[PDB]
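**Q** Sending over work38.pdb (PDB, C-alpha atoms).
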```pdb
ATOM      1  CA  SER A  22     -14.599  50.003  31.137
ATOM      2  CA  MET A  23     -13.490  46.949  29.163
ATOM      3  CA  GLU A  24     -11.201  45.888  32.111
ATOM      4  CA  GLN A  25     -14.274  45.800  34.407
ATOM      5  CA  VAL A  26     -16.132  43.619  31.858
ATOM      6  CA  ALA A  27     -13.170  41.180  31.620
ATOM      7  CA  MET A  28     -12.988  40.878  35.426
ATOM      8  CA  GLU A  29     -16.742  40.274  35.461
ATOM      9  CA  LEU A  30     -16.326  37.499  32.858
ATOM     10  CA  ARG A  31     -13.613  35.975  35.150
ATOM     11  CA  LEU A  32     -16.075  36.109  38.106
ATOM     12  CA  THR A  33     -18.673  34.523  35.891
ATOM     13  CA  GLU A  34     -16.406  31.706  34.834
ATOM     14  CA  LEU A  35     -15.333  31.173  38.488
ATOM     15  CA  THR A  36     -19.065  31.048  39.364
ATOM     16  CA  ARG A  37     -19.614  28.397  36.685
ATOM     17  CA  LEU A  38     -16.763  26.256  38.044
ATOM     18  CA  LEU A  39     -17.982  26.733  41.695
ATOM     19  CA  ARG A  40     -21.505  25.718  40.692
ATOM     20  CA  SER A  41     -20.153  22.424  39.356
ATOM     21  CA  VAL A  42     -18.044  21.977  42.543
ATOM     22  CA  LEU A  43     -21.087  22.709  44.729
ATOM     23  CA  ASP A  44     -23.128  20.102  42.873
ATOM     24  CA  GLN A  45     -20.482  17.525  43.269
ATOM     25  CA  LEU A  46     -20.045  18.199  47.008
ATOM     26  CA  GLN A  47     -23.754  18.102  47.658
ATOM     27  CA  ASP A  48     -23.918  14.643  46.040
ATOM     28  CA  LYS A  49     -21.724  13.421  48.895
ATOM     29  CA  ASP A  50     -24.643  14.244  51.277
ATOM     30  CA  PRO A  51     -27.328  11.926  49.955
ATOM     31  CA  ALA A  52     -29.175  12.062  53.286
ATOM     32  CA  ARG A  53     -29.637  15.851  52.709
ATOM     33  CA  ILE A  54     -28.450  16.566  56.284
ATOM     34  CA  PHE A  55     -26.750  19.771  55.032
ATOM     35  CA  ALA A  56     -29.239  20.988  52.461
ATOM     36  CA  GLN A  57     -30.976  23.662  54.484
ATOM     37  CA  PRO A  58     -30.212  25.947  57.475
ATOM     38  CA  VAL A  59     -30.662  24.485  60.915
ATOM     39  CA  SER A  60     -34.126  25.613  62.027
ATOM     40  CA  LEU A  61     -34.141  27.943  65.080
ATOM     41  CA  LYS A  62     -37.754  26.947  65.686
ATOM     42  CA  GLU A  63     -36.615  23.295  66.072
ATOM     43  CA  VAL A  64     -33.171  24.012  67.693
ATOM     44  CA  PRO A  65     -33.880  27.231  69.608
ATOM     45  CA  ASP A  66     -30.446  27.338  71.371
ATOM     46  CA  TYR A  67     -28.469  26.840  68.117
ATOM     47  CA  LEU A  68     -26.954  30.318  67.888
ATOM     48  CA  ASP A  69     -25.684  30.016  71.506
ATOM     49  CA  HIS A  70     -23.493  27.180  70.160
ATOM     50  CA  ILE A  71     -22.763  28.068  66.540
ATOM     51  CA  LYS A  72     -21.837  31.611  65.630
ATOM     52  CA  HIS A  73     -21.731  31.339  61.835
ATOM     53  CA  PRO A  74     -24.381  28.800  60.619
ATOM     54  CA  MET A  75     -23.981  27.531  57.056
ATOM     55  CA  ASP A  76     -25.743  25.085  54.691
ATOM     56  CA  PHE A  77     -25.804  24.275  50.984
ATOM     57  CA  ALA A  78     -28.904  26.432  50.188
ATOM     58  CA  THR A  79     -27.297  29.473  51.738
ATOM     59  CA  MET A  80     -24.100  28.773  49.707
ATOM     60  CA  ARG A  81     -26.146  28.442  46.523
ATOM     61  CA  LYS A  82     -27.773  31.857  47.162
ATOM     62  CA  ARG A  83     -24.388  33.484  47.631
ATOM     63  CA  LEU A  84     -23.020  31.750  44.503
ATOM     64  CA  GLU A  85     -25.945  32.860  42.310
ATOM     65  CA  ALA A  86     -25.370  36.484  43.319
ATOM     66  CA  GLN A  87     -21.709  35.894  42.271
ATOM     67  CA  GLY A  88     -20.770  36.414  45.895
ATOM     68  CA  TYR A  89     -17.620  34.205  45.925
ATOM     69  CA  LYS A  90     -14.527  36.181  44.727
ATOM     70  CA  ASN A  91     -12.159  33.204  44.954
ATOM     71  CA  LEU A  92     -12.123  29.486  45.857
ATOM     72  CA  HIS A  93     -10.844  30.259  49.347
ATOM     73  CA  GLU A  94     -14.106  32.047  50.191
ATOM     74  CA  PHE A  95     -16.185  29.137  48.893
ATOM     75  CA  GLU A  96     -14.023  26.635  50.866
ATOM     76  CA  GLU A  97     -14.489  28.693  54.002
ATOM     77  CA  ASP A  98     -18.281  28.284  53.763
ATOM     78  CA  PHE A  99     -18.007  24.517  53.021
ATOM     79  CA  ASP A 100     -15.727  24.037  56.025
ATOM     80  CA  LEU A 101     -18.334  25.878  58.215
ATOM     81  CA  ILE A 102     -20.958  23.331  57.214
ATOM     82  CA  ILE A 103     -18.705  20.483  58.356
ATOM     83  CA  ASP A 104     -17.138  22.134  61.337
ATOM     84  CA  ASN A 105     -20.408  23.485  62.790
ATOM     85  CA  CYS A 106     -21.939  19.986  62.634
ATOM     86  CA  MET A 107     -18.930  18.328  64.240
ATOM     87  CA  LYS A 108     -19.113  20.786  67.146
ATOM     88  CA  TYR A 109     -22.886  20.711  67.811
ATOM     89  CA  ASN A 110     -23.303  16.990  67.420
ATOM     90  CA  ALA A 111     -21.525  14.190  69.246
ATOM     91  CA  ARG A 112     -19.172  11.711  67.639
ATOM     92  CA  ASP A 113     -21.670   8.790  67.890
ATOM     93  CA  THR A 114     -24.447  10.587  65.936
ATOM     94  CA  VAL A 115     -25.645  10.201  62.375
ATOM     95  CA  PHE A 116     -25.094  13.956  61.928
ATOM     96  CA  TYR A 117     -21.422  13.986  62.955
ATOM     97  CA  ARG A 118     -20.721  10.844  60.919
ATOM     98  CA  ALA A 119     -22.396  12.441  57.870
ATOM     99  CA  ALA A 120     -20.075  15.437  58.211
ATOM    100  CA  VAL A 121     -16.923  13.287  58.431
ATOM    101  CA  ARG A 122     -17.965  11.469  55.247
ATOM    102  CA  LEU A 123     -18.704  14.777  53.465
ATOM    103  CA  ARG A 124     -15.350  16.189  54.504
ATOM    104  CA  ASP A 125     -13.428  13.118  53.286
ATOM    105  CA  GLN A 126     -15.249  12.818  49.982
ATOM    106  CA  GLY A 127     -15.313  16.571  49.430
ATOM    107  CA  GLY A 128     -11.543  16.793  49.894
ATOM    108  CA  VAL A 129     -11.065  14.845  46.667
ATOM    109  CA  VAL A 130     -13.278  17.252  44.725
ATOM    110  CA  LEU A 131     -11.716  20.354  46.200
ATOM    111  CA  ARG A 132      -8.193  19.181  45.507
ATOM    112  CA  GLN A 133      -8.903  19.111  41.733
ATOM    113  CA  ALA A 134     -10.995  22.284  41.875
ATOM    114  CA  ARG A 135      -7.900  24.111  43.213
ATOM    115  CA  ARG A 136      -5.793  22.878  40.310
ATOM    116  CA  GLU A 137      -8.582  23.976  37.804
ATOM    117  CA  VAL A 138      -8.813  27.468  39.317
ATOM    118  CA  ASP A 139      -4.978  27.918  39.140
ATOM    119  CA  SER A 140      -4.774  26.219  35.669
ATOM    120  CA  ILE A 141      -7.571  28.293  33.935
ATOM    121  CA  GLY A 142      -6.584  31.447  35.983
TER     122      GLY A 142
END
```
As structure tokens, what does this structure read like?
**A**
Amino acid sequence: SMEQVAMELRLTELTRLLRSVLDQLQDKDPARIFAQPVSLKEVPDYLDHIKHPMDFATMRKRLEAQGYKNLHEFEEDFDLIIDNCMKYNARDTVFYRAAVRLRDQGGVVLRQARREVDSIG
């Protein structure tokens, strides 16, 4: 149907906007602390601590399959990256501090992304 095509173009345009948002958020992680999944070979107990691991490569895979239906879903995954790190790692660690900085700087980006998603539709 033509309706299904139009909805698919909307998903595509949302995907385009989320790709730009993702690139901007990942720039706020110049250390690349959040680039890849935590390795279970190197942190064997991780899944005892963290039930829903997340990282920017996993988000990029979901995005490229057009797996985010709305900005809320995308935000949920970004907040898992931050929140998981702030639970597993202590306040005095380079990891935790990296997450706080990503959260604060990412907030700016996400605030305008929300306006753009409402604005364009």
**Q** Please measure the separation of atom CA of residue A:83 and atom CA of residue A:95, giving the value in Å to one decimal.
**A**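 Rounded to one decimal, the two atoms are 9.4 Å apart.
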**Q** Determine the residue set returned by the PyMOL selection byres ((chain A and resi 120) around 10) for the present structure, and present it as a list in words.
**A** residues 49, 50, 54, 55, 100, 102, 103, 104, 105, 106, 107, 110, 115, 116, 117, 118, 119, 121, 122, 123, 124, 125 and 126 of chain A
**Q** As an exercise, work out the distance from atom CA of residue A:101 to atom CA of residue A:41 in Å and give it to one decimal place.
**A**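 Computing it gives 19.3 Å between the two atoms.
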**Q** Which value, in Å to one decimal, gives the distance between atom CA of residue A:78 and atom CA of residue A:133?
**A** 22.9 Å
**Q** List the spatial neighbours of residue A:45 as a list in words - criterion: any atom at most 10 Å away, all atoms listed in the file, same-chain residues fewer than 6 positions off excluded.
**A**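 Within the cut-off, the hits are residues 39, 126, 127, 130 and 131 of chain A.
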**Q** For the file shown, what are the residues hit by the PyMOL selection byres ((chain A and resi 84) around 10), laid out as a list in words?
**A** residues 35, 36, 37, 39, 40, 43, 78, 79, 80, 81, 82, 83, 85, 86, 87, 88, 89, 90 and 95 of chain A
**Q** From the options A:34, A:69, A:63, A:97, which residue's atoms come nearest to residue A:109, counting only C-alpha atoms?
**A**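 Among the listed residues, A:69 lies closest to residue A:109.
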**Q** Determine the nearest neighbour of residue A:48 from the options A:77, A:142, A:68, A:91, counting all atoms listed in the file.
**A**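 Of all the options, A:77 lies closest to residue A:48.
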**Q** Could you check which of A:141, A:32, A:134, A:75 is closest to residue A:56, using all atoms listed in the file?
**A**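 Using all atoms listed in the file, residue A:56 sits closest to A:75.
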**Q** Using 8 Å of padding on each side, determine the axis-aligned box around all atoms of stretch 130-135 of chain A present in the file and give its centre and edge lengths in Å to one decimal, as AutoDock Vina command-line options.
**A**
```
--center_x -10.6 --center_y 20.7 --center_z 44.0 --size_x 21.4 --size_y 22.9 --size_z 20.5
```
**Q** Between A:76, A:139, A:94, A:24, single out the one closest to residue A:59, counting only C-alpha atoms.
**A**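 Of all the options, A:76 lies closest to residue A:59.
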